[PDB]
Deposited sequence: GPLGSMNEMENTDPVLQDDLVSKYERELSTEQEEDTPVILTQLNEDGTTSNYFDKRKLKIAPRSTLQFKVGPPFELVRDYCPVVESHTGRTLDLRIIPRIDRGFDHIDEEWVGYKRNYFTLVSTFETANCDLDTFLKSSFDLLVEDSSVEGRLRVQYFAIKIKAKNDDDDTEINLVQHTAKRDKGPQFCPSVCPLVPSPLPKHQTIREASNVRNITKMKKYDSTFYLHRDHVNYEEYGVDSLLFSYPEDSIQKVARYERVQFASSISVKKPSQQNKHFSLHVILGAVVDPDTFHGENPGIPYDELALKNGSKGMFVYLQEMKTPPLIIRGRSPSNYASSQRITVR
């Protein structure tokens, strides 16, 4: 009934079929590593502004809630939360150096203001985009919102156990414990060490995330989970790393910029999951029917 795999950090992922077994909502058995991500492609090259060195980039994503591996399929539930986390790394540049440097897109050179991640859901068979929604912990007693673009600096991805532990922390002392893992506070650096043109100082806010954490995520309530043939639709979750540039023929999305104008999120790299099945609200998707 429960199939167990050891995660990288020694925690377990415990896969079970909610059609057959009901587990408590706050059980640690609801936390588990989801499907592994794969490269879709690399897009615009990025170079350091004096050396000309190409910046090596890699997205490091993981799903930590919401998906079970059940007989060779990855299965989620429309009504339930998933968690998708991601960082990125720069193989050839340590963070401290990276933040003092400046970088251009090779298209002919657009200056990078900052790096950021976004996520999307798609129908994996036809590339149609599917809406995602997020809640706060208050769920129906708080607002609903669509996942946002997350400015980020390079960082290792926290272990599954760390994401689990930090999921519902309010206590101030405990929050302090995790702060350095999730945030860089630009207002606490020595400003005299940095040039006006430095990458750190073109980030839009002082509080800069080191990890993009999309928690309490669902597919939009209106998604059809089956095809007309009654076969399951196949979905995929995508993570896109971009460079945000000032707007004034390569893939990009428009972005609501800080100063009011509309800039460009220029694609750098994209990863996606294998095909995903989503179980809808039908009673037959739950053990209560049996």
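Unmodelled regions of the deposited chain, listed from N- to C-terminal end, are 1-37, 145-150, 292-298, 341-345.
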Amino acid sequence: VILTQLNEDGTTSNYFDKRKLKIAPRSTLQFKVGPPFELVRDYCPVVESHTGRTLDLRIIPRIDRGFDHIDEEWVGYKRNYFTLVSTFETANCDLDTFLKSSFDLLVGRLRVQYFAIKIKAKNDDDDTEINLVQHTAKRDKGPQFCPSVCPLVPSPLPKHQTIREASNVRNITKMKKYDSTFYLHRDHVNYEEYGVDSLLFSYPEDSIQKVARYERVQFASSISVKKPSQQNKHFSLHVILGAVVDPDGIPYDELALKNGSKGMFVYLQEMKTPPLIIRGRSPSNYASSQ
From here on, numbers count along this sequence of modelled residues.
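If you average the C-alpha B-factors over 45-53 and over 228-236, the higher value belongs to 45-53. Between 140-148 and 118-126, it is 140-148 that carries the larger average Cα temperature factor according to the deposited entry. Based on the entry's C-alpha B-factors, the most elevated value among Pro61, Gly34, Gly242, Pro247 belongs to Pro247. The entry assigns its greatest Cα B factor, within the set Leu200, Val169, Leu132, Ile163, to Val169.
Sort the modelled residues of the chain by CA B factor and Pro158 lands in the lowest third. In the deposited entry, the Cα temperature factor of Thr97 sits in the middle third of values across the chain's modelled residues. Ranked within its chain, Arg279 lands in the middle third, by CA B factor from the PDB record. Ranked against the other modelled residues of its chain, the C-alpha B-factor of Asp68 as given in the entry falls in the lowest third. Split the chain's modelled residues into thirds by C-alpha temperature factor. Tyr178 is in the highest one.
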